[PDB]
There are 4 protein chains.
Amino acid sequence: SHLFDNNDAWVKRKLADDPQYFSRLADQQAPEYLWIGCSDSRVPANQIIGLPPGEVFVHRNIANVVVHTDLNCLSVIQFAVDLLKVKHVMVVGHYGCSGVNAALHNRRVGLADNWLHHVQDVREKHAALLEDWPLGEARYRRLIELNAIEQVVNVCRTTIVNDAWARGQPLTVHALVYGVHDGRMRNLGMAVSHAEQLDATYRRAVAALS
Amino acid sequence: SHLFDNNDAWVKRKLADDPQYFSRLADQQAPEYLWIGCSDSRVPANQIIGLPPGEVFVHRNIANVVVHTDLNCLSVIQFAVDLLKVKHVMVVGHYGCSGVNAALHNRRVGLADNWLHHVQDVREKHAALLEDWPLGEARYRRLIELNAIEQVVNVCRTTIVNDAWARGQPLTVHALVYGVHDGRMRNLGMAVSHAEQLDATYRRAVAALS
Amino acid sequence: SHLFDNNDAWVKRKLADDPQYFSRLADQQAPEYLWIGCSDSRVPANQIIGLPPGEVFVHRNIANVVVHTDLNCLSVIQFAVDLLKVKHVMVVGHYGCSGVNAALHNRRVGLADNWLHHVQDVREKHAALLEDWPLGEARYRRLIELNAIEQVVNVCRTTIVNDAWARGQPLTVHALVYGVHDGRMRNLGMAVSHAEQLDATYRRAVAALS
Amino acid sequence: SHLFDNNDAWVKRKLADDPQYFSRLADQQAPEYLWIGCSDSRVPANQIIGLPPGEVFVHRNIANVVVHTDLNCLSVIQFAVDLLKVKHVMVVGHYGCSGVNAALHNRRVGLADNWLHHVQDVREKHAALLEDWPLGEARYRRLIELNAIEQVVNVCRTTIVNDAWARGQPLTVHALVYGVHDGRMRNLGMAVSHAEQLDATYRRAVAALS
Ligand SMILES: [Zn+2]
Ligand SMILES: [Zn+2]
Ligand SMILES: [Zn+2]
Ligand SMILES: [Zn+2]
């Protein structure tokens, strides 16, 4: 069957839900959240945050990177924002992220190296900041955290968002991170709602300042 | 708190797992599966297929589209393939997918319209096929199904994959679909392992042929 | 100097223009043409068409490919269209194009292979057509010609364009090709102005029909 | 004819070359230069530098931007480098570039705005530097100049290039700029050949330092 195993672990699943409710999911209304995360899908957005599936609309690229010009992601955002009128977008880094570890420790990898230059660009812009944590684990954490913020800086700079605020659509964009280790999910005091941007982030970034 | 609610529904979650095992996830080894899916993350890859989280490495774009040139996805694939040496890649469409419905019913949407031209391109190439299902629900289904295959045709045409076969890395790429309605997950008889491509797909596509 | 030679062949150039007129170019008004062409910049857009430089606003990618989702090109088009209100956009293939020859003769090349899958996709969709020219030179030509058209089909499907027609901006998009061999530049009877698309192209494509 | 005018200004051109030599261009060997430039194709790469056409292989995007992940450009570079074994790649900004002026003077434009965030990112990283030129013309110039360098920093960070040096292919990448005003073409003392990168650029950047 090639994946006999999986279709098996599946009819197994479908059984486990006697609560005749797949009907309930298929009747679930719009999502009110966009979650951008790492392909290292350690834990599913909803599950973490304790929501029903699909209550969260979801993108996943290596290292939850938002490129100014990556139409893969922007398409996901124009859709979620303009058409599902979600209330909150949120970039979510995760501690122990392979993308960030591979880039931090300038490890050659092949093609994705090119995408991770986007994360190495954050290492650059906060080089100074990252020194006064002379370690590994300390930096690593601080890097994946600052990743999640400069990603939000990227969202909020997208035309889509500016245009959505411009036309008076209520919306807010969070820099957020969660530990596969403890489950526990860190607010970064990064959550933008109009373009009072410079202010709301300096804050978030200063809450490293060794 | 802005999302007080969510951090609440979270410490709630973390409690629910007394089985002191977050340790078990943080110790989880490489994934052996890449799952490309719709941002319409109705259900999390693992959960469906009944696996632990992170056992499945995951990308999500609107309409589980693989572009020949979308480095957002390719980066995800070079990584998963070349570096996590996953055994199986699988594109997974889902019935009732908003991306496919929006494109099928040539609905103006804004920017994502441009990304969905990739799905309208599948509507074109199988125009003939899609007629002899003169309906809606019948087509819609048949379209999202054929989406998942021509996406696999796109993966298998990527340099990454050809190069991985070329250097004798065992790997296989499945066209797959699942119903939010029933949970049940359809094999499409689309699962490629060397470039005997033309053969293995004609098959899969012919299993529509009204 | 590393390129001493070039800065030399340059002060040489600047001399050659006594007609104190660089002033004339720096005072040149908006372009009224967008020209998408092959990086194989055999001949500069303007020169061919006998215009002053900059009278033509210009993009160049391998094989004058327009991707539905390539923001490199779309950015160039939104700019040229929306902001320089150019009257005519035109995709221009060229005979003996390395991109098309490399893809036609399924030659492994490395990364660009992935971009040329876009040209191999045109080879696919007109496979039938391309057979009844059982040769090489005949096909090759016919392929690079059909490239230039399905590229125009891609432009005209872009939101940018539809939106520009929608808001009553006069604009028209030509499928065009030129021979490095003879200089002479072929009209393809492919030049769209509203979305009477299906009509205006069938035409252009039928003018192969061996 | 729609463009009767252009096909006219063309048979006009082809005449003007009695020197029966289109044959000479069609027999022209590989290019030894890649030139990345602004779509604002004020002047054709070759012409400036006083070379025959096609002696220069050419990309053009708004503001001669190199994205880490823009496969439109990277494809052009892998091709030029790996397959035409060009000796020198060179990013070329131009004074009075619309892309840079539009972004510098944070002018809303539509979609290209998103691509120009790449140029606004250079404005950010050298914010300090750009202040001590309290003007307009002075900054503008200094910005388009620094654009051309951080673009080269982007090329040289591409896998393609590192891999080409790694396998002992002789190659060198110049930050370069030219004035539509005077024709004259500025060396920036930015021309990298191995990854002694940090050194060779600090230099180039310091030659602003008001
Ligand atoms: Zn990760
Ligand atoms: Zn979907
Ligand atoms: Zn060409
Ligand atoms: Zn320019």
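Tabulated data for the structure shown
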| read-out | value |
| --- | --- |
| Ranking of B:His94, D:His59, D:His2, D:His88 by count of other Cβ atoms within 10 Å, fewest first | D:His2, D:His88, B:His94, D:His59 |
| Likely footprinting exposure, B:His194, B:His181, fewest C-beta neighbours within 10 Å first | B:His194, B:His181 |
| Other copies of A:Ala26: label-to-label distances in nm, shortest first, labels 7 Å along the beta-carbon direction | 4.1, 6.4, 7.0 |
| Zone of B:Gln197's modelled label, taken as backbone nitrogen in the stretch B:138-179 under 15 Å from a point 7 Å along Cα→Cβ | B:149-166, B:172-175 |
| Computed [θ] at 222 nm, helices only, for chain A once each DSSP H run of length n ≥ 4 contributes -39500 (n - 2.57) | -13000 deg cm²/dmol |
| Separation of alpha-carbon centers, the stretch C:81-155 and the stretch A:49-110, rounded to whole Å | 34 Å |
| D from B by rotation - nearest chain B beta carbon to the axis, in Å | B:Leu71, 3 |
| Residue range of chain D that is longest and free of trypsin sites (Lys or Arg not before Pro) which are both DSSP loop and sparsely packed (at most 16 other C-beta within 10 Å) | D:1-84 |
| Taking A:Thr69, A:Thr159 and counting other C-beta atoms within 10 Å, the order from fewest to most | A:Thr159, A:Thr69 |
| Size of charge dipole - the protein assembly as shown - debye, nearest 20, with Cβ of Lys, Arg +1 and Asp, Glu -1, no other charges | 0 debye |
| Relative contact order, percent, chain C [alpha-carbon distance under 8 Å, six or more residues apart] | 20 percent |
| Length released on extending from B:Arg184 to B:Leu83, taking residue separation times 0.36 nm less the Cα-Cα span | 33.2 nm |
| Teacher prompt: C:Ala166 distances to equivalent labels in other copies, 7 Å Cα→Cβ, nm | 1.4, 4.3, 4.5 |
| Per-copy distances of the D:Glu124 label point, shortest first, in nm (7 angstrom along Cα→Cβ) | 1.2, 3.6, 3.7 |
| Label-reachable residues, the stretch C:177-192, where backbone N falls under 15 Å from a point 7 Å from D:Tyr21's Cα toward its Cβ | C:183 |
| Rounded, prolate or oblate (a/c below 1.5 giving rounded, otherwise prolate when a/b exceeds b/c) for chain A by Cα gyration tensor | oblate |
| Where labels lie 7 Å past Cα in the beta-carbon direction, separation of A:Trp133 and C:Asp132 in nm | 6.7 nm |
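Each reported figure results from applying straightforward, stated rules to the coordinates on display, with no laboratory input. Note: ideal-geometry Cβ built from the backbone for every residue, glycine included; neighbour counts use all protein chains shown.
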